[PDB]
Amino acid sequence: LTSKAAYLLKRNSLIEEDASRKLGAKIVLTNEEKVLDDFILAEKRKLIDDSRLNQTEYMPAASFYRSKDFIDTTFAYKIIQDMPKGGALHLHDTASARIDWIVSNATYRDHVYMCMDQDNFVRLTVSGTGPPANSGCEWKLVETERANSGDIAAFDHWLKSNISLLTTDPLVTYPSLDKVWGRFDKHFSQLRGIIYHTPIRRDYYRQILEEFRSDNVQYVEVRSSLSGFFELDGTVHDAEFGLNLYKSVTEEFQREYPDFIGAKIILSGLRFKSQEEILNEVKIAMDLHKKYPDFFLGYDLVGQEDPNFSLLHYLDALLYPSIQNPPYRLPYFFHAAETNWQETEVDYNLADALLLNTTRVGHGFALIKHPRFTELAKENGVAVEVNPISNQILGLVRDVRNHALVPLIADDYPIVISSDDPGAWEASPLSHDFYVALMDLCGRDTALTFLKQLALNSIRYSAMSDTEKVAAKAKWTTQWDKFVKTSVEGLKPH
């Protein structure tokens, strides 16, 4: 043995020790799985080596506006499309389906009005008793404008363009945190008036289920405000009504597609409402969790985190369930530390989130900056929902390889991958975020064990009961074996 050879053995041991601690390093692959892993690794290495050695841009790490088409022209992305990714655990209902369906289906119904608002954005609303009661905008019947356009396709494309966040590059058109959050909030107010109409809302939820199933996702946990669904006559429904609407649509979908696992609902409130309102919503969530223990999961506070209220500001509301006699455990799913800041109100939300026994943490972008918080969350088994494309578009990081959670992936932290609002910025339900995770959030030697671990984590860290987890894993295993067999036989020689 040479002194050089002893050095090489020590280097091999050290590199093996470091690489054995990443997410999915304990996954064992079959020979067919290894066929798929080599297929994926080959294209990933081609891209990395071309970018590094030829000193050219690494497209998977660029802005989603610029890389989306490139991603759609790769073989690995088709592989990821076909892969059963398990469950999407972090979704917002009003942005989880295509704008395309809102344009081609919803704005063709009667009593749908459009207008151009003070900021030169299109607003859509439904009014059954004549034009909308807000005359500050000049409301037109959508059918009349579509007819007078002379080109229905051009009209529909302009409508989709005036609603989407991906019509231009957000990193160029809205190049600050404030500007992109302005565009994002404007999107939600553009669709508020039409997407809360009960028939449209029900059909939209069905569209969510269909699109996620067709993208080979079998389970979704959705955040929803759940109340305010309205009728043509002005009747406005409560949170229990929305919950049951979703529940029956879900049960119908399940009977129609036995391969599907299901869907569950988390109630969401807004980070800028009064404490009285948030306490009301917490009591409502208590009643909903009591009465629908198997469909309703818990409560969350959403909206932009930097300029709005902290969790500590709502402590009296969030502590209300626990001060009962006997105490009530209302599960929480807090968004926390979606921020670049350090030792401020926003990232110290993490402290509150762990002390309130949160089931999962959304984003957790500043978690890596808090060693004790990271240890405590790992000890408690608190998984982090990661939405890479979301974090890029909403101004947390430019290069996805700079994502704050990459080190935590490399040290086997419990995480899941999701798309926050895929419909708002035209991403596939889960395939685009999985491709970005594969290309940016792990290294040159990691392809399939990582993705398979993500799929497994989305079941293990779901809010399902243990019986439900066992059944869900069985359904997902059936699909995964089907996918492996089909992809290998389409790729390997006979």
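Numbering starts at 1 and runs along the sequence shown.
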Averaging C-alpha B-factors over each stretch, which comes out higher, 332-340 or 126-134? 126-134
Tell me which of 204-212 and 94-102 has the higher mean C-alpha B-factor in the deposited entry. 94-102
Per the PDB entry, which option out of 221, 421, 233, 252 has the greatest Cα B factor? 233
Out of 51, 63, 30, 458, which one has a C-alpha B factor higher than all the others in the entry? 30
If you rank the chain by CA B-factor, which third does residue 110 end up in: lowest, middle or highest? highest
Sorting the chain's CA B-factors, does residue 248 end up in the lowest, middle or highest third? middle
Going by what the PDB entry lists, where does residue 185 fall on CA B-factor within its chain: lowest, middle or highest third? middle
Among the modelled residues of this chain, does the Cα B factor of residue 23 put it in the lowest, middle or highest third? middle
Select lowest, middle or highest to describe the third in which the CA B-factor of residue 146 falls within its chain in this entry. highest
